[PDB]
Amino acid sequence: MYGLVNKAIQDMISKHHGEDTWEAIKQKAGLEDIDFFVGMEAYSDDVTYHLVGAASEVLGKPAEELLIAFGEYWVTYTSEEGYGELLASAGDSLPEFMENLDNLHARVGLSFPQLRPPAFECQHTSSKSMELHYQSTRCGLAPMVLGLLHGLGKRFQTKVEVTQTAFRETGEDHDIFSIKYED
């Protein structure tokens, strides 16, 4: 993934746990040779997976729990590190934002030519609920989607309840989430 993602991981870990913990995690991930991440440069996805696994080991937390935390963090991180207007352009409610997500990633994709973005499709079931179909070239990031939705909830001052109904890992075509939202 692009360096931006790995910077945000470092920033979250450093902020919550301090630089020493960050360095420990970086070392264990086998990434000691990397002085700093370059935001607009493409990295092997392995770099990201190794960081997550190392953080799980070091922090004594399941990787999936860390991914949820990271997903929430990304919503704030992007808004503060150069993508605030882009986020604002994607709308001012949860359902519109999720409708705009592929188009938001297409706009990101202009600047990041090699982007492999997720694909999100909404099926609105009522004015307070929807099914979200998440499709990806990558394994294991459904929990991040969970954190992202909660971050979007805080963003739009909207209560959200998210339940995964289909799992790409457990022999299903793709991840599907049931979302209830009020506001």
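Residue indices: 1-based, along the sequence shown.
Across the two stretches, 146 to 154 and 51 to 59, the PDB entry reports the greater mean Cα temperature factor for 51 to 59. Comparing 159 to 167 with 15 to 23, the higher mean C-alpha B-factor in the PDB entry belongs to 15 to 23. Going by the entry's values, 33 shows the largest Cα B-factor out of 121, 65, 33, 45. The entry assigns its greatest Cα B factor, within the set 82, 113, 95, 71, to 113.
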